[PDB]
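K.L.:
Okay, so the sequence shown: first residue is 1 according to the authors' numbering, each after it adds one.
Heads up, the beta-carbon is just placed ideally off N, CA and C, and yes, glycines get one too.
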Amino acid sequence: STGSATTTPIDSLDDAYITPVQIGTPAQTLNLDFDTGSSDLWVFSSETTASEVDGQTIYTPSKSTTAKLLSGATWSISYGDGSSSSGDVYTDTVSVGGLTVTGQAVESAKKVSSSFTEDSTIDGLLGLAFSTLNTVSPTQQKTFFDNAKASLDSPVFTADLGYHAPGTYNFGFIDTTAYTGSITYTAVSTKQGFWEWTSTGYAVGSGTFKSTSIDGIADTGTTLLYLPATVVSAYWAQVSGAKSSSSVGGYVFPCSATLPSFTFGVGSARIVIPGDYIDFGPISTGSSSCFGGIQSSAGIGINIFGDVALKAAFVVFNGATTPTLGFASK
Ligand SMILES: NCc1ccc(C(F)(F)F)cc1
Ligand SMILES: NCc1ccc(C(F)(F)F)cc1
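#1: Ends of the alpha helix (DSSP H) at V231?
#2: Cβ of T190 versus every heavy atom of ligand 2: is any distance shorter than 7 angstroms?
#3: Quick one, which of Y90, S84 and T57 has its alpha-carbon nearest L70's?
#4: Have a look at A298, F280, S296 and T324 and flag the residue whose alpha-carbon is nearest the alpha-carbon of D11.
#5: Which residue's Cα is closest to the Cα of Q141: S211, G87, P166 and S39?
#6: Out of curiosity, what's the CA-to-CA distance linking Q104 and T143?
#7: Report the CB separation of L126 from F34 in whole angstroms; it is logged as a contact under 8 angstroms.
#8: So what does DSSP say about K243, is it helix, strand or coil?
#9: Between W195, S199, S233 and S244, which has its C-alpha nearest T220's C-alpha?
#10: Could you give the distance in angstroms between the alpha-carbon of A109 and the alpha-carbon of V248?
#11: DSSP beta-bridge partners for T93?
#12: Do you know offhand how far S189's Cα is from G286's?
#13: Okay, do the segment 112-121 and the segment 171-187 touch, 3+ Cβ pairs below 8 angstroms being the bar?
#14: Name, in chain order, the residues that DSSP records as bridge partners for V316.
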């Protein structure tokens, strides 16, 4: 079987992408943030503390004829940005763009952090990292992808994120019309539970390509590109008036500047991020200082190829027994 769903930016900056997902019988449609950096499928629900819900669509297990409470199971998750949520666990039928999984763990939020409450457009997350990171206790649960794998024509999913525009998540097949040239595949380490790989280097604008190994994760659930301090300093040094601001928490630049592109290596191939993708607009309404889309990973502990990088490519998540990541220009 296969599935295909359109994913849409939540705002004018592409801060995140939501994808409609059908849960329960009859279907309850929720817009979830597909996150290859985590492994929990959790939703705002009728069980979520009322004061912590602000416009989200909620899942109501009591109205689903296929929902079953998973007795004794709980979940609690903390994201690298300080966000967190927790609750209990149902199993239910979950469908993405025609692809159906029965008995998927649906984690019902009883408590959500403030960052989630304030994001009215995101009804929950759909984790797509490896199932070893799932937080359900005492019995770990599988991701939507792991549960679908056997039924898929090919054990793959692909992310085709748009720049200020809708894109596509496909499950089970590779759309050969969606990219140009060839797909370059590169090895993945699952030892930390992430889609972790090694980039072969970078270039700034029209500069010389620097061959150097950058280990990092492919994370659709992170907005920006987080890279080592040396690389990030080399990029922003090419932007007149750019500086790191401690009060803002990253590199900022004059909104009147033009940004150079950024190239990253995948094996022998190159993915080019246009400079406009790196502009995240004024730091506050009316400001002439703009926030940069390439930031240092020094405080984080791991390099993150977030949406800024991924939306410049067609990306294959190959969940074969030896997993790989594929990148193609588009
Ligand atoms: N998008 C999920 C996610 C968020 C943060 C991290 C970090 F910070 F631990 F690298 C990994 C994955
Ligand atoms: N990386 C997972 C993640 C995704 C979105 C959010 C937000 F936007 F809701 F804060 C936090 C954490």
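P.N.:
A quick look at the data gives this:
#1: Start and end: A229 to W236.
#2: no
#3: Of the listed residues, the one whose Cα sits closest to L70 is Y90.
#4: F280
#5: From the listed residues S211, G87, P166 and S39, the smallest Cα separation to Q141 is found for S39.
#6: 8 angstroms
#7: 5 angstroms
#8: Note: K243 maps to strand in three-state DSSP.
#9: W195
#10: 31 angstroms
#11: Answer by DSSP bridge pairing: none, since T93 is not bridged.
#12: 44 angstroms
#13: Output reads no: the segment 171-187 does not touch the segment 112-121.
#14: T158 and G326
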